[PDB]
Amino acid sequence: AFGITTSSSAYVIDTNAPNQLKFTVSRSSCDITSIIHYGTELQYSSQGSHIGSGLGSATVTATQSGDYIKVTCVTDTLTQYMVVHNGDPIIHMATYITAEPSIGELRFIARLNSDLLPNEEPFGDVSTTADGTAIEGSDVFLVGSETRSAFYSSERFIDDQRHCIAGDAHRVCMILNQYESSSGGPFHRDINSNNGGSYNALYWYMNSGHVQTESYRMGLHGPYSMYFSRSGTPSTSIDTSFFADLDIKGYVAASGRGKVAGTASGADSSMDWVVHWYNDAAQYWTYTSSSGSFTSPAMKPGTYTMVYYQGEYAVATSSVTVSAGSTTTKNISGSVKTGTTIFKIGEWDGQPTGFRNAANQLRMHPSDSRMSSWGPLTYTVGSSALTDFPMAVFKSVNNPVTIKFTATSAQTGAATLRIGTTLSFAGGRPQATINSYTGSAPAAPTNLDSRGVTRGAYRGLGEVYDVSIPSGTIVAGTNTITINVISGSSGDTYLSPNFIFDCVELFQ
């Protein structure tokens, strides 16, 4: 039956789902210590499923409100909520914080039986580190001859409404339709799952210091939903609006929200367009249609910075105010301006898209034998393919990048060499030589104090480095550009100072 079974040490919540879902919540710690789905225990028995590594101690209450059961766990700065609906094999959750946890990240982790749930979806065994030997920190492993990381399960938050772990008789998915309290914007990615040897971990990283570009946000994180299937795959259309009736702290209901609608225009139409709104309280985003039309998700009232991307490259920024119960009509337009192009390597999309190893980097370590050579490589404009240009240059792996290009006598005037990047590590930034002419050393970029390129990430601050080339420095015939990554810092191989490339353009 749908209901709560109480003992001194626990509440057993029964969702009354057709294929059975009961779970045990510790009244002392708020740990999920047992999960029975279709007569089968799914929960790792040594460690609970919980926020972080455990709340440790919490004040726990359970109540029925009609066809809903709510479990509340209170700590000093964090309230954890679990809500179930009669008939549904889902643990709905929401996490209310007034401060960032001590550890400096906010995650939920489900620690589940890896024999029954060995697989990871949608990306496969790339995040299975079981039987792996660490090759970097304690988060990148070698399994046989293949490199592996929990990070290789990651996905841009804008595209991460569902990820799961699974076996032949059970599937457990995270359903994620509310990223408003997270940090890093639409292109932030994070750890999703990890079969690490003892159990298979399923996550939602509400926030983290993994390639973090923003301050943390307080208030209610989620709702998020952990779905339990036999062999089905749950839709991402899961109604959580019943949270409005359960006095969830920090919860703002539909009627407390407003929107922004309009049309974005002017950007590169070969790319997906994204509109992004943020302030200290909340962040929202949406893809636009191919005509540029957009309607924001339901937004908390307030004033927001509004950004228009082609790919992950901001072409315009603006400000907008949202009122509860109304739609603010707000258009946005803009484009990337350069000049008359001599050559262009890659595209202005805020990604290493198309470069050598770009597709692999998301799902493996740069040391992986399946990677193509890092170089040093000479890219000759007109003969070399884009997949011959390294996605990253490391001070101590493939430094420098040499570019060969032909110019006509009509192209010997003043130019700007533009070096567009996505993300830096250890102070990495480019200094350019063109023929016998050396550009200035730019100052160190902001340090994000995080590995990235070795952990499947590329979305950083997107620094752009322009070099003014005087007239008559470019010559008719062959020319040479040397891109050196400079930095006062030092490191072994892929942890040496580096940056990931976005686009390299020479224009007049």
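Each residue number is its position in the shown sequence, starting from 1.
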Worksheet, complete the sentence: Comparing mean C-alpha B factor in the record for 452 to 460 and 437 to 445, the higher one is 437 to 445
Item to complete: Look over 133 to 141 and 376 to 384 in the entry and identify the one with the greater average Cα temperature factor.
Response: 376 to 384
Response to the item:
In this crystal structure's PDB entry, the residue among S296, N192, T79, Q310 with the greatest CA B factor is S296
Discussion item. In terms of recorded Cα temperature factor, pick the maximum from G124, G266, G197, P89.
Written reply: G197
Item to complete: Ordered by C-alpha B-factor within the chain, which third holds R217? Give me lowest, middle or highest, please.
Response: middle
Discussion item. By the recorded C-alpha temperature factor, relative to the other modelled residues in its chain, which third is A58 in?
Written reply: middle
Worksheet item: Based on the entry's values, in what third of the chain does the Cα temperature factor of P390 lie: lowest, middle or highest?
Response: middle
Discussion item. By the recorded C-alpha temperature factor, relative to the other modelled residues in its chain, which third is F507 in?
Written reply: highest
Practice prompt. Could you say whether, by C-alpha temperature factor, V475 belongs to the lowest, middle or highest third of its chain?
Written response: highest
